[PDB]
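pasting an experimental structure with its sequence.
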Amino acid sequence: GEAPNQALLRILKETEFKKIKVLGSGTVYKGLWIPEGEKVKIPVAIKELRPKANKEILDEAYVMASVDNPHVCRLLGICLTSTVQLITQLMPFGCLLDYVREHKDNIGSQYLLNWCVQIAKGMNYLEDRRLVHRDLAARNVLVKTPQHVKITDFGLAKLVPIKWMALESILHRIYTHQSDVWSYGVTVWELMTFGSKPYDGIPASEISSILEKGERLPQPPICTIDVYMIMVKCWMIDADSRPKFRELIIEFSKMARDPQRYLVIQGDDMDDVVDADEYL
Ligand SMILES: CC(C)(C)Cn1c(N)nc2ccc(-c3[nH]c(C(C)(C)C)nc3-c3ccc(F)cc3)nc21
């Protein structure tokens, strides 16, 4: 009744790509990928490890290779040199959490609402593929262009960050697609607050209890009650009361159609290069 995962895992020669710049510390690189004998150049992020966490990175690669959706990060390949190197599409504008901090005084309602739509789209795809993220958060969304974000970090993904977790996750390490909706709510509240830290200062030992008291994250200043309503439904203790990712797509799309009705915001060589999203 479960279908066979016929995703392909592509092994790359170290020959086939070049590092260019360090993006962070294993270690991730901006780099270019020339497929073998194809006359295309593909901007990539390359993660070469530096151990028995070799099991952890293969799980990520397994997951990343089995997804294909415009709002989830796909594996381009792996390279089994003396360390494991994973190759994936370069997300030029970094991670949405940093981006919303760096650009807050020029992010408008249309962008925020569209990010909410794209993230719900990605998350709904993971649901389709009977996949649970378990670590949805603003830090784990990357920005290809400002008009185009993708869900990432598939370490935790299955077929810790207490301040992002459904209550049933905090209590009984339970995890659903509805557990992910709760984290979707926190993520939106991150965006809606231009990168504020949830429950700032509250020690995470208390988080489980305050939520039992019925407390939740406050309504961000830019948020109409319509938007905040939606965030609050993602945080029902009754997980079947929370909204479905397909419904969040619909709701935020409705609003994206008239964004200023729903968010009130003061002031509304490189020759053969092909973007990964066009390399099939
Ligand atoms: C993080 C950044 C936004 C500042 C840099 N960055 C940009 N700009 N695009 C990116 C795309 C991917 C990654 C990336 N991050 C990680 C950590 C978080 C495990 C360290 N692993 C990978 C990676 C996963 C699979 C793979 F095949 C190749 C790389 N980083 C990217």
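Sure thing, it's come through. Residues are numbered from 1 along each chain as shown.

so who does whatever residue of the stretch 101-250 of the chain ends up closest to the ligand touch?
Nearest residue of the stretch 101-250 of the chain to the ligand, counting by Cβ to the nearest ligand atom: residue 142, 5.3 Å away. The way it works is simple: take the backbone N, C-alpha and C, and place the C-beta from them, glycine included. Each residue near residue 142 by Cβ atoms under 8 Å, 6 or more residues apart in numbering is listed here: 73, 91, 93, 94, 95, 96, 149, 150, 152.

just give the closest residue to residue 145, not the sequence neighbours.
Distances taken as Cβ to Cβ, 6 or more residues apart in numbering place residue 93 nearest to residue 145, at 6.9 Å, with adjacent residues excluded.

check residue 118 too.
Ranked by Cβ to Cβ, 6+ apart and with sequence neighbours excluded, the top spatial neighbour of residue 118 is residue 71, at 4.8 Å.

just residue 244 next, same as before
residue 181 (7.6 Å).

wait, isn't that neighbour in contact with residue 232?
No. With contacts counted by Cβ atoms under 8 Å, residue 181 stays clear of residue 232, the gap being 11.9 Å.

ok, residue 33 to residue 40 distance?
Distance of residue 33 to residue 40, given as Cβ to Cβ, to the nearest Å: 9 Å.

ok, now residue 11?
Residue 11 is 18 Å from residue 40, where distance means Cβ to Cβ.

these two - which one has more neighbours?
Set residue 11 next to residue 40 and count neighbours by other Cβ atoms under 10 Å: residue 40 wins out with 12 against 9.

ok, that one - contacts?
34, 272, 273, 274, 279.

so the spatially closest residue to the second one that is not a sequence neighbour bridges to which residues?
With sequence-adjacent residues excluded and distances taken as Cβ to Cβ, 6+ apart, residue 272 is closest to residue 41, at 5.0 Å. Taking DSSP bridges, one finds residue 273 as the beta-bridge partners of residue 41.
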